[PDB]
Amino acid sequence: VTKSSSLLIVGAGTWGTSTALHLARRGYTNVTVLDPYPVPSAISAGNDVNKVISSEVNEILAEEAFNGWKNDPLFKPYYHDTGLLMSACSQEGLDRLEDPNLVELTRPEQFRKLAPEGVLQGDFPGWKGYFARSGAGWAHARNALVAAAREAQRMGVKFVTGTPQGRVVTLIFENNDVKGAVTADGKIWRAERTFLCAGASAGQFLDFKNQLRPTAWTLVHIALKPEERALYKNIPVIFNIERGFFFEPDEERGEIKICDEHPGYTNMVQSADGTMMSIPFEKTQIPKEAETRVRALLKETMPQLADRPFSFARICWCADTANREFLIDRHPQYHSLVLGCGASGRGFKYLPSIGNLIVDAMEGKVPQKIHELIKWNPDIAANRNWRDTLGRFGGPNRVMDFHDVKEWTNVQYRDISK
Ligand SMILES: Cc1cc2nc3c(=O)[nH]c(=O)nc-3n(C[C@H](O)[C@H](O)[C@H](O)COP(=O)(O)OP(=O)(O)OC[C@H]3O[C@@H](n4cnc5c(N)ncnc54)[C@H](O)[C@@H]3O)c2cc1C
């Protein structure tokens, strides 16, 4: 492997793009990224108007990520240090999650005062939590993803996007190694190293030995009237581990993005084999139960918006490892394959930095203690509890399945790939 080696990245999502960017920064000149959707991909979990950005191996990686948001001029424009409320309703939730910038809240009036009067009109019944006044906030996830991809491209990376030209249909398996990939147009992409960064779809392409559970969450937007927008500007991110979270309205459309908290949805599919796999799919709607949960959250916080029609809704997929640690490693058998996946529903904040760790994995530079946590680890996924809620709360307090969903929302379509 040399700086001019053919390198192939499967997936131009959060981590594929971070990888492309960091390969280019570190001087690689022959990188190609494949994706079935134009950047920003409509199925990328990173393609969102906002994500929560906050802030031991996890502390090291989180520190590097946050440093990118604060100090890397490519990423700085997208980060808003609004502060963040982290709250819960039960002791179990509170347990789950001297700093001068952290305050405890236990009283409804304290919650209401986190925003200008007229914004947080709710009763916050039994809400208790911690408010970080700074050093946490939100990033414009889609704009940051696009910025990173365009900077990678500027530095020589070739993005081949859209279907069929960017849709990988198989990796090239030759003499027990991965030699590249083949796209749906029937084009062979040979590479000295292949990075698998297909997020929730990564399991399509090889046997992860139960290490990945593709799992989906839910989001909506509510459009504020032009007059009512100013009042909601610069509010801190409001997050309750057992209810959901929301952000100040975006600029483009004055839309407040809201997520209901729950342990997620799988889509378990039965093969002729009889084996069981969670298979992701695009849907620009959410289950009716998710709508209900969103509206119950709004009742408790911004009741004046609780009955407003949604302007956009979608499911959003990631993939959980058995302990929600990342899966970033060289494959133990396929010498040329590098995994950059298992973001476990928490990978967006690592956009500025995770590509460095993935490249380090390819190059054999990962510190041993870090490697031990993120390595290929089938032992951890043996006898897997696929219904493990993995520290997630809300709604049914169980992992549910889309096969059980009877009714979906019927919100207007929007093409978020532009
Ligand atoms: C609703 C929701 C809320 C979240 N909240 C936060 C948060 O507040 N903060 C945070 O840090 N994280 C959050 N996350 C987690 C974060 O979004 C993800 O962990 C991260 O974006 C996943 O990155 P990834 O690169 O693994 O996958 P993705 O960004 O999803 O990218 C995968 C790419 O693989 C591509 N692909 C699929 N099939 C093929 C194929 N056949 N060939 C080639 N490419 C293919 C897709 O088109 C996609 O672009 C949230 C996620 C969701 C869904």
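One-based numbering along the sequence shown. Both backbone and side-chain heavy atoms feed into the values below; hydrogens, waters and symmetry mates do not. Read the numbers this way: they start at 1 and go in the same order the structure lists the ligands and their atoms.
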By number and element, which atoms of ligand 1 are closer than 4.0 Å to a non-hydrogen atom of [X]?
X: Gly166; answer: 42 (N), 43 (C)
X: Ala198; answer: 32 (C), 34 (O)
X: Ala45; answer: 17 (O), 18 (C), 21 (O), 28 (P), 29 (O), 30 (O)
X: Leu34; answer: 43 (C), 44 (N)
X: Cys197; answer: 32 (C), 33 (C), 34 (O)
X: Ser201; answer: 37 (C), 38 (N)
X: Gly11; answer: 34 (O), 35 (C), 43 (C), 44 (N)

For ligand 1, note which part of [X] has a heavy atom under 4.0 Å away: side chain, backbone, both or neither.
X: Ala319; value: neither
X: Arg346; value: backbone
X: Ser41; value: side chain
X: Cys316; value: both
X: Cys318; value: side chain
X: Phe205; value: side chain

Under a 3.5 Å threshold, yes or no: a donor from one side chain and an acceptor from the other, between [X] and [Y]?
X: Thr161; Y: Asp35; value: no
X: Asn267; Y: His403; value: yes
X: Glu63; Y: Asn67; value: no
X: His22; Y: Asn356; value: yes
X: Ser90; Y: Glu242; value: yes

What about [X] and [Y], are their ring centers closer than 6.0 Å?
X: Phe131; Y: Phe111; answer: no
X: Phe402; Y: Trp217; answer: no
X: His221; Y: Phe312; answer: yes

What I want to know is whether [X] and ligand 1 share at least one N or O pair that is separated by under 3.5 angstrom.
X: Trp217; result: no
X: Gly16; result: no
X: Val52; result: yes
X: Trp317; result: no
X: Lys349; result: yes
X: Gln204; result: no
X: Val10; result: no
X: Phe348; result: yes

Fill in the blank from the handout: Ranked by distance from atom 13 (C) of ligand 1, the top protein heavy atom is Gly345 O, 3.6 Å
Problem - Protein residue, atom and distance nearest to atom 21 (O) of ligand 1, heavy-atom basis - result: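 Going atom by atom, the protein heavy atom closest to atom 21 (O) of ligand 1 ends up being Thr14 OG1, 2.7 Å.
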Handout entry: Heavy-atom nearest option to atom 46 (C) of ligand 1, drawn from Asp320, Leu351, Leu219, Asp35
Key = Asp35
Completion exercise
The single option from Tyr350, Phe326, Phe195 that satisfies ring-ring contact (aromatic ring centres under 6.0 Å, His included) with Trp15 is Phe326
Problem - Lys283 to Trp408, cation-pi by 6.0 Å centre distance and 45° axis angle - result: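 Yes, cation above the ring, under 6.0 Å and within 45°.
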Completion exercise
Here the pair of heavy atoms bringing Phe75 nearest to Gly68 is CB-O, 3.7 Å
Problem - Heavy atoms of other groups near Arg26 CZ, more than 12 under 6.0 Å - result: yes
Exercise for the section: Take atom CZ of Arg133 as the centre, draw a 6.0 Å sphere, and report whether it contains more than 12 heavy atoms from other residues, nucleotides or ligands. Expected result: no
Handout entry: Single hit among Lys257, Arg314, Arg142 for salt bridge (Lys or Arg N to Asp or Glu O under 4.0 Å) with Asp48
Key = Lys257
